[PDB]
């Protein structure tokens, strides 16, 4: 078959579901770079993708991603009992109490940032979110962050994910940002271990610095650093979802009113933001043994990609996936495979995002502040979603004018 790396890169979110629609199937064989790849979409495909007797992650992460978005040696590249033991370290962080504490820190940081936004007169909303998130998550995680370094650290964390999937000199900045953030996080881990940094026993940095692997050994300092970044970085990336929350409030009639008046609505709304908007395009794994599924061959070693966006827009599951309708979540049965913006399956037994509770809690804070606290004007701008960008964003970045929180 032809190599279609370029076709995929031009339409990273929609390429798979578009081909699926043309072929009338939920799976097709393709090729990206050197590797024949089976592309999968939908609930049944997600269920097989998360079967760890048939799929492994070892060696599926590209070098370019190790050097930017994810780092080297982290939980994403692990399988089996080694993976599950490392995953438990992240899950232990996510108690209702700790998630609430992070949400509260983020509201405080958002409120702290508003006067700056007022004084600026006009802001790019997306651009302004990274720093308050950075401040909140570092405080929550037990990571010291001097006031005069917060801006710079926020830019470096942003560069790991916002510049990672950019085929421009921005990728070179992403690589440098990765080297810097690893060295910084490593100094944090070392200081905790030496006792020079007093992170509390409940905090992410403490848990990661003192984690013991399956042989009762501490993580090497570089791996501990990478895992700490695996908490800090994607929390800052919630800027993307917060921007989409603002976008939905601006472009979908009746949403603001429903959020204002109906109490149970916020939960439905943030879930629909995660379903509707493109963010994490797709996940990659490798077949661990020969098998056949739905008449498709999966030879041992075959690269397989699971299309998250397409799955979240599958008409078989949702009926009218093209509409933004929070109400649809009244009928959801909490299935582990049919709604997968942050992965599918089980959080402990597979690679599903442990950050979901944090994401939901922070999106709820954002929705609350944007409807009940913030006042802002939205000038004429290009609000259309850039499906060519990784991560996707409204083309304008969501521009606000005359922002205040006292009214």
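Positions refer to the first chain, counted from 1.
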Practice item. Can you let me know which of the two, 189 to 197 or 234 to 242, has the higher average C-alpha B-factor in the entry? Key: 189 to 197
**Study point:** Comparing 110 to 118 with 272 to 280, the one whose average Cα B-factor in the PDB entry is higher
**Key:** 110 to 118
Study note, to complete from the structure: From the entry's CA B-factor values, the highest among 151, 73, 132, 169 is 169
Practice item. Among 368, 54, 67, 35, single out the one with the highest C-alpha B factor in the record, please. Key: 35
Review point. By its CA B factor, does residue 165 count among the lowest, middle or highest third of the modelled residues in the chain?
Key: highest
Exercise for review: Within this chain's modelled residues, let me know which third the CA B factor of residue 261 belongs to: lowest, middle or highest.
Suggested key: highest
Check your understanding: Taking the C-alpha B-factors as the PDB entry records them, is residue 253 in the lowest, middle or highest third of its chain?
Key -> highest
Check your understanding: residue 217's Cα B-factor: lowest, middle or highest third of the chain?
Key -> lowest
Revision key, fill the gap. Among the modelled residues of its chain, the C-alpha B-factor of residue 380 falls in the third labelled highest
